[PDB]
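Report on one structure; see the data block that follows.
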Amino acid sequence: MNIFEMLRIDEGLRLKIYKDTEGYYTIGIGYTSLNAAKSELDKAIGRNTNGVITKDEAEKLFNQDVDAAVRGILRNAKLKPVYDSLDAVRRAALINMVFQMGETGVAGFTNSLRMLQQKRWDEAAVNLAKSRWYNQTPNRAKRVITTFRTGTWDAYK
């Protein structure tokens, strides 16, 4: 088990485009005007695909984003610190975080972070949990949260 498998348990998977509730249209794995959408897939993958891609192209994308989540962590002065003090399992749940909402958005949880360095696990499991984040996605919110609190992937098996 690795971060990748994680987000794949977390983002479903689409071979065709999907408009969703806010107007976001997503494809492949955790990926973000329907024409403006199949006018970026055209640029992302490398071609015209009418909204459809293969699992390869879907995942190549995955790979793209993920590596990005990584970097957005280190370009940040607020995250890299908390990162370095986290272990593999805890660090990845952070990566599952940035992936989802991005560095800046996570950059908002200062309390929750200071709590994640002192290793106040529990407190950071209850702070993160009372959020617009959590309320909208309690299923994955909870998984990545358990992860932050235990130091194990028993939220993924």
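Every chain in the structure tokens has a letter given in the order shown (A, B, ...), and although residue numbers restart at 1 in each chain, ligands are simply numbered from 1 in the order shown.
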
* **Near-residue 128 of chain A list (12 Å; only C-alpha atoms; drop same-chain fewer than 5 positions) as a PyMOL selection string** => chain A and resi 94+97+106+108-116+121-123+133-135+138+141-142+144-146+148-149

Expected file: the selected residues, C-alpha atoms, as a PDB file, in the first residue's frame:
```pdb
ATOM      1  CA  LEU A  94      -1.063  14.531   3.992  1.00  0.00           C
ATOM      2  CA  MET A  97      -4.811  15.832   1.407  1.00  0.00           C
ATOM      3  CA  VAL A 106      -4.427  22.584   3.447  1.00  0.00           C
ATOM      4  CA  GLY A 108      -5.307  26.697   6.064  1.00  0.00           C
ATOM      5  CA  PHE A 109      -5.347  24.063   8.739  1.00  0.00           C
ATOM      6  CA  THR A 110      -2.594  25.692  10.946  1.00  0.00           C
ATOM      7  CA  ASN A 111      -3.982  24.442  14.166  1.00  0.00           C
ATOM      8  CA  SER A 112      -4.420  20.946  12.820  1.00  0.00           C
ATOM      9  CA  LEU A 113      -0.884  21.079  11.604  1.00  0.00           C
ATOM     10  CA  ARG A 114       0.835  22.406  14.693  1.00  0.00           C
ATOM     11  CA  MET A 115      -1.114  19.509  16.194  1.00  0.00           C
ATOM     12  CA  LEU A 116       0.422  17.070  13.730  1.00  0.00           C
ATOM     13  CA  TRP A 121      -2.742  12.889  16.843  1.00  0.00           C
ATOM     14  CA  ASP A 122      -6.079  12.701  18.655  1.00  0.00           C
ATOM     15  CA  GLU A 123      -6.490  16.466  18.817  1.00  0.00           C
ATOM     16  CA  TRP A 133     -13.784  19.580   4.205  1.00  0.00           C
ATOM     17  CA  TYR A 134     -15.100  16.755   6.339  1.00  0.00           C
ATOM     18  CA  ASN A 135     -18.799  17.595   6.005  1.00  0.00           C
ATOM     19  CA  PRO A 138     -17.102  12.155   5.376  1.00  0.00           C
ATOM     20  CA  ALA A 141     -12.479  12.431   5.100  1.00  0.00           C
ATOM     21  CA  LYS A 142     -12.723   9.720   7.685  1.00  0.00           C
ATOM     22  CA  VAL A 144      -7.451   9.771   5.655  1.00  0.00           C
ATOM     23  CA  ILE A 145      -8.304  10.913   9.177  1.00  0.00           C
ATOM     24  CA  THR A 146      -8.021   7.521  10.774  1.00  0.00           C
ATOM     25  CA  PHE A 148      -3.466  10.561  10.534  1.00  0.00           C
ATOM     26  CA  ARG A 149      -4.453   9.212  13.981  1.00  0.00           C
TER      27      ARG A 149
END
```

* Show which residues sit within 12 Å of residue 16 of chain A, as a list in words. Count only C-alpha atoms, and ignore same-chain residues fewer than 3 positions away. =>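 With the cut-off at 12 Å, the set is residues 13, 19, 25, 26, 27, 28, 29, 31, 37, 38, 41, 49, 50, 51, 52, 53, 54, 55, 57 and 58 of chain A.
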
* Asked: For residue 65 of chain A, which residue out of A:36, A:1, A:126, A:101 is the nearest one, using only C-alpha atoms?
  ->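 Checking each candidate against residue 65 of chain A, we get A:101 as the closest.
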
* In Å, how far is it from atom CA of residue 82 of chain A to atom CA of residue 107 of chain A? ->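 Between atom CA of residue 82 of chain A and atom CA of residue 107 of chain A the gap works out to 10.7 Å.
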
* DSSP alpha helix (DSSP H) residues within segment 13-91 of chain A, listed as an MDAnalysis selection string -> chainID A and resid 34:37 41 55:74 79:84 88:91

Those residues with C-alpha atoms, as a PDB file, in the first residue's frame please?
```
ATOM      1  CA  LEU A  34     -18.180  21.113 -21.044  1.00  0.00           C
ATOM      2  CA  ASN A  35     -16.272  22.088 -24.155  1.00  0.00           C
ATOM      3  CA  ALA A  36     -13.586  23.912 -22.158  1.00  0.00           C
ATOM      4  CA  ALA A  37     -13.138  20.599 -20.478  1.00  0.00           C
ATOM      5  CA  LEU A  41      -8.057  16.871 -21.985  1.00  0.00           C
ATOM      6  CA  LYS A  55      -6.546   3.647 -18.044  1.00  0.00           C
ATOM      7  CA  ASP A  56      -2.967   4.484 -19.147  1.00  0.00           C
ATOM      8  CA  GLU A  57      -3.647   8.017 -20.042  1.00  0.00           C
ATOM      9  CA  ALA A  58      -5.891   8.265 -16.969  1.00  0.00           C
ATOM     10  CA  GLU A  59      -3.120   7.087 -14.786  1.00  0.00           C
ATOM     11  CA  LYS A  60      -0.300   8.920 -16.530  1.00  0.00           C
ATOM     12  CA  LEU A  61      -2.418  11.859 -15.460  1.00  0.00           C
ATOM     13  CA  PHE A  62      -2.589  10.482 -11.948  1.00  0.00           C
ATOM     14  CA  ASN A  63       1.118  10.327 -11.921  1.00  0.00           C
ATOM     15  CA  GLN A  64       1.191  13.930 -13.114  1.00  0.00           C
ATOM     16  CA  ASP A  65      -1.084  15.311 -10.408  1.00  0.00           C
ATOM     17  CA  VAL A  66       0.420  13.203  -7.529  1.00  0.00           C
ATOM     18  CA  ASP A  67       4.019  14.267  -8.192  1.00  0.00           C
ATOM     19  CA  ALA A  68       2.528  17.776  -8.121  1.00  0.00           C
ATOM     20  CA  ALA A  69       0.862  17.206  -4.745  1.00  0.00           C
ATOM     21  CA  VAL A  70       4.327  16.230  -3.561  1.00  0.00           C
ATOM     22  CA  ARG A  71       5.991  19.388  -4.823  1.00  0.00           C
ATOM     23  CA  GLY A  72       3.202  21.743  -3.561  1.00  0.00           C
ATOM     24  CA  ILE A  73       4.160  20.460  -0.263  1.00  0.00           C
ATOM     25  CA  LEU A  74       7.746  21.516  -0.416  1.00  0.00           C
ATOM     26  CA  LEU A  79       3.831  22.084   5.002  1.00  0.00           C
ATOM     27  CA  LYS A  80       7.342  20.852   4.427  1.00  0.00           C
ATOM     28  CA  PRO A  81       7.927  21.323   8.089  1.00  0.00           C
ATOM     29  CA  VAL A  82       4.952  19.196   9.197  1.00  0.00           C
ATOM     30  CA  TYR A  83       5.757  16.740   6.420  1.00  0.00           C
ATOM     31  CA  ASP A  84       9.317  15.987   7.496  1.00  0.00           C
ATOM     32  CA  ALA A  88       5.260   7.276   5.564  1.00  0.00           C
ATOM     33  CA  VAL A  89       1.750   6.432   6.352  1.00  0.00           C
ATOM     34  CA  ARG A  90       1.006   9.788   7.964  1.00  0.00           C
ATOM     35  CA  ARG A  91       2.852  11.734   5.300  1.00  0.00           C
TER      36      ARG A  91
END
```

* All strand (DSSP E) positions in chain A, as a PyMOL selection string -> chain A and resi 14-19+25-28

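Minimum distance to residue 9 of chain A across A:30, A:151, A:46, A:102 (counting only C-alpha atoms) occurs at A:30.
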
* By how many Å are atom CA of residue 4 of chain A and atom CA of residue 152 of chain A apart? ->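 About the pair atom CA of residue 4 of chain A and atom CA of residue 152 of chain A: they are 15.4 Å apart.
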
* Asked: atom CA of residue 131 of chain A and atom CA of residue 155 of chain A, how far apart in Å?
  -> 19.9 Å

* Would you mind telling me which residue in A:125, A:18, A:39, A:24 lies nearest to residue 93 of chain A when using only C-alpha atoms? =>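 Looking at the shortest contact to residue 93 of chain A, the residue is A:125.
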
* Could you tell me which of A:32, A:48, A:21, A:76 comes closest to residue 104 of chain A if we count only C-alpha atoms? =>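 Looking only at the distances to residue 104 of chain A, the closest residue turns out to be A:76.
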